[PDB]
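Next up: a single chain in C-alpha cells, the form deposited in one PDB entry.
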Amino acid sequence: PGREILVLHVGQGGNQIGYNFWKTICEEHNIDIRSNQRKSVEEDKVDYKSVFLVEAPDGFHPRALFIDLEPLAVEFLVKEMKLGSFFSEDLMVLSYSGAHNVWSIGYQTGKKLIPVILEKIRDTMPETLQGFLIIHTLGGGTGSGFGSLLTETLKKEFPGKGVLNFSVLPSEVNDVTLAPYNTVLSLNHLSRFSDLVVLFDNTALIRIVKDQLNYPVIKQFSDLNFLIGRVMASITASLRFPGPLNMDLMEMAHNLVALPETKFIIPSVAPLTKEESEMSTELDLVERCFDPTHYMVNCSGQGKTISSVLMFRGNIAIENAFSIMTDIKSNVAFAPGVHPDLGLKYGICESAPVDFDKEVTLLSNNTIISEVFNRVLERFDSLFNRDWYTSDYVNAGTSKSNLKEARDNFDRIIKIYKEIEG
C-alpha cells in the first residue's frame, strides 16, 4: 500500500477534463466505467490499480472529488456521459450560486466548503497517500479562485504530500474578459503553494486536434480535453504498469525544478494517432515533442529548455532511447547553464496507451514560459491601469493593492525565467 493519488476537479473545465481523464484511466486498467467492474479476468493485466482507483467489494471507484460552486456543468456531464455510478454523489461537492468569473468570489465562497472537503479527504484517503492533483482552468472564477484556495489548503493541511496542478491558461484571445485578473491571482497562489504546475491552453489544444488528429469538427470539449487526460495518464503510467525505469510525482518534480520558483511546465505528447505510433521512431517522437507544433501551450518557438522529463511508453527500444540523447541535446536549445550531459530525466513503461504501439510524453521546464506569462501580464496591466472590472474583486476581499501585489510577484517569477534564458 502506498503511492495513492487523489484528484480534485474544480469548476466547469476541471470537471469536464475529469471525464476524459477517468475514461482513459479505466480503459488503461480494463475497467468498465459503467459497471465499475473489470471487463474480464483474462485481460486483467499486471498493474497497480490503486494509484487512482479505489477497489471496493462492489467494484472500482475514482479517488476523486468533483467540486464546483454551481451544479450544471457536473450534473449535465454525469447525465450525458452516463457516469452516475462512477462519479457518484458522495464524491461531489457542489453549491448553487457560481463564482461569476471572479477569482475572489471563488476563493471566498469556496472557504465555506473546505470543512466538508477535508472531512471527505480524511474519511477515505489512505495514510500513505503520495499527493493530490488539482485540475482546473485559470480564466474562470471557481477553477481559478477555489482551485487556488484548495492548493493552499492541501499544502497547509497535508505537509509532506505532493500538490500538483494541471491548469488551463486563457486562449490567445481570451474568452473571459476577466481572465487576466483570474490568471494572475491563480498563478501567484500556485507559485506560493503548488509543487508543480503543468499548463495547457485551448489555442494550442485546438491546433493539435485540427492539425495532428485532423478532426473535422470539435463539437464538445471532450474532443479537446482528451489531450489533457492523455498527459495525466501517461506521466503516471510507470506508477501503474511494469517497466524498466519508473518515476513518481515528486521524482519528476525534483528533476524539473532547478530553482524553487521555476515550477511551471509545458507538456507535449507524440504521436497523436495509432497509425503514427506504428510508423515512427523514438527519435522522431522525441523530436515531435520538442517541436512547438506539439506543445500544449501556445508558444512562439522552441524557447530554451531548462530541464525535461520524458516518459517512453510501450514498444520502446531502450538503446534508441539512450542513444538519441546526444541528438536531443545537440538539436534542441537548452538554457545556457545546462551542461551538455544534463537536463533529461527518463521513465520507461512497457504499457502503451490504448491501441498505440508506443508514445512519448514530454514535460518541459522552458524559459519560453516568460513570454507566455508576459502576455498575461500585459493583458492584466491593460485592465488594471484603467481600473476596469476591479469592483467585484474588491467587494469579495481582494483589494486593488492585493491585485497589484499578486501582479508584482507574478512579474518576479517571469524575470527569474528570463534571467535563466540569458
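What we label the rigid core is the largest C-alpha set whose atoms superpose within 1.5 Å from one form to the other. So that there is no doubt, residue numbering starts at 1 and follows the sequence shown.
Here the stretch with the larger average CA B-factor, out of 51 to 59 and 354 to 362, is 354 to 362.
Of the two segments examined, 109 to 117 and 222 to 230, it is 109 to 117 that shows the higher average Cα temperature factor in the deposited entry. Reading the B-factor column for the CA atoms of 195, 282, 201, 251 in the entry, the top value corresponds to 282. Ranking 166, 215, 103, 312 by Cα temperature factor from the entry places 215 first. In the PDB entry, a CA B factor belonging to the lowest third of its chain's modelled residues is recorded for residue 175. Among the modelled residues of its chain, residue 22 has a C-alpha B-factor that falls in the lowest third, as given in the PDB entry. Ranked by Cα temperature factor within the chain, residue 390 sits in the middle third according to the deposited record.
When the modelled residues of the chain are ordered by C-alpha B-factor, residue 371 sits in the middle third. For residue 272, the recorded CA temperature factor ranks within the highest third of the chain's modelled residues.
Just so it is clear, the following notes concern the form deposited in another entry, a form of the same protein that is not shown.
Considering 133, 149, 231, 297, one residue stands apart with a C-alpha shift of at least 2 Å between this form and the one not shown following superposition on the core, and it is 231. After superposing the rigid core, the Cα of residue 285 is displaced by 2 Å or more between this form and the one not shown.
Shown in the overlay between this form and the one not shown, fitted on the rigid core, is a CA shift at residue 256 smaller than 2 Å. Superposition of the core reveals a Cα shift of 2 Å or more for residue 348 between this form and the one not shown.
Distance between the C-alpha atoms of residue 347 and residue 151: longer in the other entry than here (change of 3 Å or more). The pair residue 198 and residue 238 is tighter in the other entry: their Cα-Cα distance falls by no less than 3 Å compared with this form.
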